[PDB]
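**Q**
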Amino acid sequence: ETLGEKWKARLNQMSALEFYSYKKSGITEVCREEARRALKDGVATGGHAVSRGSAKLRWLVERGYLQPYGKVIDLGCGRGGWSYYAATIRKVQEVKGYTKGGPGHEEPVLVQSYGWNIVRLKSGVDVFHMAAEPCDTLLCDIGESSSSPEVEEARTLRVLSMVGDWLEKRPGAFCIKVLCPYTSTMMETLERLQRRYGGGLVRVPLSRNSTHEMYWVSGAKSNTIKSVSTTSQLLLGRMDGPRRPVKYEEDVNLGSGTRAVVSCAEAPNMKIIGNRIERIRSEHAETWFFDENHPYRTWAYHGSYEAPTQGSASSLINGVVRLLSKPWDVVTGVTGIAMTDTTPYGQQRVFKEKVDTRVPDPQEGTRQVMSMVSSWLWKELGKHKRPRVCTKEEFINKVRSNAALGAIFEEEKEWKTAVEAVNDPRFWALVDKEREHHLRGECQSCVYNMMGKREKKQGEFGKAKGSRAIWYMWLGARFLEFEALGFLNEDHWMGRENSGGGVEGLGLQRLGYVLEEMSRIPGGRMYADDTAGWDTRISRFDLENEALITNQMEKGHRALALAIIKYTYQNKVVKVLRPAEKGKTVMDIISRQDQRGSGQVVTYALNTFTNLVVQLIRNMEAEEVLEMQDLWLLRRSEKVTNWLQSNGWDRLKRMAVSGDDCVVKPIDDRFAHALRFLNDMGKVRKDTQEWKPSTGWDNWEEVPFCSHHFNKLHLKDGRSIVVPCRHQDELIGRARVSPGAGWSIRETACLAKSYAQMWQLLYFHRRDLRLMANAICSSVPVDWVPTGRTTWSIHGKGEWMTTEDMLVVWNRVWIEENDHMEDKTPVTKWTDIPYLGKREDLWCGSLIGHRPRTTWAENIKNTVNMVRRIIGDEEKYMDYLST
Ligand SMILES: [Zn+2]
Ligand SMILES: [Zn+2]
């Protein structure tokens, strides 16, 4: 029929050697060796093109067929070379990149090409089911080649059927891949759409002679049949006669580093922080400089200096656990788990999106409601207990050796560990200086340090997951914090006794009893919806509400505490690690006046507090106390305190919140759609439409809280206990990981023990965790001491970190100290303790009944004896496996 069709049939008639001769003949290419080495190495700061695509778009823009700007959207990014080139162009502002990825060779790559700070990529996106969005520039490289023109047509048509929905929303420019433009159905539709929306079709010489792929672009106006049949003609004429020589061109150099952006941050009160700033400058005045290409939007850029790189991403294996769990080598849910990327890159590529936000300033009515509820809560909390200053001796009483130092200034760089510094009165002399300055109204040293947290998390793109930001101040400042507001934690102000809704310090054993007590309480359903990135969502007004406690202190206590709040919380100065161009790395200093840090002493206290305030507010809105106008301004504010004193405790005891996480039990289902105040404050719901009603639950056993759902188990003798559970795969993955670089096998086995006894203590009800844990404790010498860190939760006291035997500890925590258990009868043997229900065990991630688990379980003894051999013989093992 058409020129393209006959050319295609002829191409398929060919054999392998003619295929070879033709496919490359006389096209243009780029020297890809320079890049393809850096890809194998992973040299991010090389600034090379991750795919060929970058050269394609480059040729498209240099000739002038595409004029991109503003909000750019890449469809089918793949590695992402399109997006990465997009970043470079003068007029672009935001680059989002979407592709399918996953199984098969089809994933993305993360590098440090110029302007990477505006490149937000994502995987696992069937864009056909994705609703469109209003771009300024639309890009699409989608279209799988094939032999059958039926396919090329079918697909390319489907692609267009998708992209139409987007294009109708008016992009300033566009480029779309068209695999088959040479068929009659194709030619017709392409002419119709060229008329209806514009642009024109251009064939690129970079593309190989083995496909008819053409690109539909904004800046052109050529007729379909013209360029299409010109391309077909050139392809045919290239087929016959001479194999013409490939032409070599230089691949584009993207550069490296960050790009400048619109600084929308509030101006800092230089009187407060200027001392710290100019002190830091005066200390690092040798290499101090100001980069114009700061990547910060919502923080005040205060400067940078040259520094060395900290942390890494590499993830090591605990061969103990892995060799004791070969059947789990298949599950992605465990293998994909790895370390967090704590490099400056891995930090900043989370910072720029999660942390670089400025919360919507809530309205004056919501402000008034917040301050009222916060005042009432400070009243009802400080009734029984009163504030007090904490003493040095309490600080050194609580302190341990492992705590973080925080080397900032030259005067602070003497000591090595905490236990050393605390015993040197020079330390306390500097503390007395910063205290005298604080009382005088100046701050010289309370500066925040920040880096990426060493966590065990699900890997993304088959690669290291990014590290969330953690920031804390140096020891002395933490002491000032402790003596000022140290007590709220110490006296257990958030304890269920005093608070009612809080659960400060209570372990994972108990919390399910709180959920049972809450379920016996009548009403509607249970709602536990996670608040997205709580730390960033804390606003000025919330901090001013939390500072209201100062009215219950005394003159000195109020002076020190309020001073610390003002010069520490309400104005924050941070030191952060950023990777610079050409491989070097630098330290930036920034500031802001909002949100909260993970390393603030009263993190849990303030978080739990303001979270309770939020839940109270939403309970008022749900029960028709707050009308829709009262966001703008409050009507008849007294009917707030009328409700608070009528049912406050009555509703507060219907709460179980812990820092960021929350559990609520309201009177009726209106709580599911009382989102207006919640949203106005800026406390959005994670992974849910902002305006869609919340998911509730009937059966309390299924409630997720602090990552765990709590199940009730009856003992074989008759008594009932409440146990925490979650998905097996996450725990097995966590055990697999080894945190340190270059650790001797001893300490890794120590970690394996720690995890084993953790599972025995808590997740005994899980057949695979009990089995595997007994296998670890068996294969590990019972001599050795458990070391390391297993979970970062505060509700794990660390009861498994001892040489004791776990039956006795189990009896202590689950029977002897169990407040909700009346009969104190200890249990004699392991097999009296029941497992979880077989169906529920299967659901929570168990592999019982499958043949790899049966094989591994029946040959457990051979493998464990192999572990004993590998460690080393003539060491004392105990054979825990009796059954
Ligand atoms: Zn200070
Ligand atoms: Zn479960």
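Residue numbering for the sequence shown follows the UniProt record's numbering, beginning at 2526 and increasing consecutively.
Positions of the beta carbon are idealized from the N, C-alpha and C atoms, including for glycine.
What is the DSSP secondary structure of residue 3071, reduced to helix, strand or coil?
**A** Note: residue 3071 maps to helix in three-state DSSP.
**Q** Could you check if residue 3234 belongs to the surroundings of ligand 2, using beta carbon to heavy atom distance under 7 Å?
**A** Yes.
**Q** Is residue 3116 close to ligand 1? I mean its beta-carbon at under 7 Å from any heavy atom of the ligand.
**A** It does not: the Cβ of residue 3116 is nowhere closer than 7 Å to a heavy atom of ligand 1.
**Q** Going by alpha carbons, who is nearest to residue 2731 out of 2806, 2893, 2793, 2584?
**A** Minimum Cα distance to residue 2731 is reached at 2584.
**Q** Please work out which residues of its chain come closer than 6 Å, Cβ to Cβ, to residue 3038, disregarding the five sequence neighbours upstream and downstream, and give them in chain order.
**A** Only 3247, 3345 meet the Cβ criterion.
**Q** Can you find a heavy atom of ligand 2 that lies under 7 Å from the Cβ of residue 3041?
**A** Not under cutoff, so the answer is no.
**Q** Identify the residues that DSSP records as bridge partners of residue 2741: which are they?
**A** Per DSSP, 2701, 2726.
**Q** Look at the alpha carbon of residue 2876 and the alpha carbon of residue 2643, and state the distance between them as a whole number of angstroms.
**A** Rounded to whole angstroms, residue 2876 to residue 2643 spans 12 Å at the Cα level.
**Q** Helix, strand or coil: which one does DSSP assign to residue 2781?
**A** Note: residue 2781 maps to strand in three-state DSSP.
**Q** What residue does the alpha helix (DSSP H) around residue 2542 start on, and which one ends it?
**A** Note, residue 2542: alpha helix (DSSP H), 2541 to 2549.
**Q** Does any CB atom of chain C fall closer than 8 Å to the CB of residue 2958?
**A** Included in the structure is just one protein chain, with no chain C present.
**Q** Do you know offhand how far residue 3136's Cα is from residue 3323's?
**A** Using only the alpha carbons, I get a separation of about 26 Å.
**Q** Residue 2626 and residue 2648: beta carbons closer than 8 Å?
**A** Yes, Cβ-Cβ distance for residue 2626 and residue 2648 is below 8 Å.
**Q** List the whole-angstrom C-beta distance separating residue 2889 from residue 2718, where the pair is believed to meet the contact cut-off of C-beta under 8 Å.
**A** So it is not a contact: roughly 50 Å between Cβ atoms.
**Q** Could you pull out every unbroken beta strand (DSSP E) segment of at least 3 residues lying fully inside the UniProt domain "RdRp catalytic" (3049 to 3199), listed in chain order?
**A** List check, beta strand (DSSP E) in window: 3097 to 3104, 3110 to 3117.
**Q** Give the DSSP-derived three-state secondary structure of residue 3216 in the structure shown.
**A** Three-state DSSP puts residue 3216 in coil, outside helix and strand.
**Q** Spell out the partners DSSP gives residue 3240 in its beta bridges.
**A** Paired residue(s): none; residue 3240 is not in a bridge.
**Q** Classify residue 3000 as buried or exposed, calling it buried when 16 or more other Cβ atoms lie within 10 Å of its own Cβ.
**A** Buried: at least 16 other Cβ atoms inside 10 Å.
**Q** Please name the residue in 2902, 2965, 3237, 2953 whose C-alpha comes closest to that of residue 3018.
**A** Out of 2902, 2965, 3237, 2953, 2902 has the C-alpha closest to the C-alpha of residue 3018.
**Q** For residue 2546, which option in 3301, 2684, 2733 has the closest C-alpha, if you only look at C-alpha atoms?
**A** If we check each option's Cα against that of residue 2546, 2733 comes out closest.
**Q** State the DSSP-derived secondary structure class of residue 3203, mapped to helix, strand or coil.
**A** DSSP places residue 3203 in helix when its eight states are reduced to three.
**Q** What span of residues does the alpha helix (DSSP H) with residue 2995 cover, start to end?
**A** No alpha helix (DSSP H) contains residue 2995, which is instead part of the beta strand (DSSP E) from 2994 to 2998.
**Q** Is there at least one non-hydrogen atom of ligand 2 closer than 7 Å to the beta-carbon of residue 3255?
**A** Every heavy atom of ligand 2 is 7 Å or more from the Cβ of residue 3255, so no.
**Q** Residues in the same chain with beta-carbon distance under 7 Å from residue 3140, minus the five sequence neighbours each way, listed in chain order, please.
**A** Excluding sequence neighbours, residue 3140 sits near 3180, 3182, 3187, 3189.
**Q** Please go through the same chain and pick out, in chain order, the residues whose beta-carbon is closer than 6 Å to the beta-carbon of residue 3294, but skip the five residues on each side of it.
**A** Correct list, in chain order: 3284, 3288.
**Q** Can we count residue 3369 as close to ligand 2, meaning its CB is less than 7 Å from some heavy atom?
**A** Yes; taking the cut-off as 7 Å, the Cβ of residue 3369 has a heavy atom of ligand 2 nearer than that.
**Q** Rounded C-beta distance between residue 3210 and residue 3057? I'm assuming under 8 Å.
**A** 7 Å between Cβ atoms; contact.
**Q** Would you call the CB atoms of residue 2595 and residue 2697 closer than 8 Å?
**A** It is a contact, given that the beta carbons lie within the stated cut-off.
**Q** Taking the C-alpha atoms as reference points, what is the distance between residue 2687 and residue 2623?
**A** Approximately 14 Å between the Cα atoms of the pair.
**Q** Return yes when the Cβ of residue 2891 is within less than 8 Å of the Cβ of residue 2868, no when it is not.
**A** No, Cβ-Cβ distance for residue 2868 and residue 2891 is not below 8 Å.
**Q** Between 2964, 2853, 2993, 2956, which lies nearest to residue 2870 when the distance is taken from Cα to Cα?
**A** The shortest Cα separation from residue 2870 among 2964, 2853, 2993, 2956 belongs to 2993.
**Q** Assuming residue 2738 and residue 2689 form a contact by the criterion Cβ under 8 Å, report the distance between their Cβ atoms to the nearest whole angstrom.
**A** Rounded, the Cβ-Cβ distance is 19 Å, inconsistent with contact.
**Q** According to DSSP, which residues form a beta bridge with residue 2619?
**A** According to DSSP, residue 2619 bridges with 2596.
**Q** Can you give me the Cβ contacts of residue 2830 inside the same chain, cut-off strictly under 6 Å, excluding the 5 residues immediately before and after it?
**A** The residues are 2809, 2812, 2813, 3112.
**Q** Report the option in 2658, 2942, 2917, 2923 whose CA atom is closest to the CA atom of residue 2953.
**A** The shortest C-alpha separation from residue 2953 is found at 2917.
**Q** Which residue spans inside the region 3312 to 3379 form an unbroken beta strand (DSSP E) run of at least 3?
**A** None, since the region 3312 to 3379 contains no complete beta strand (DSSP E) of that length.
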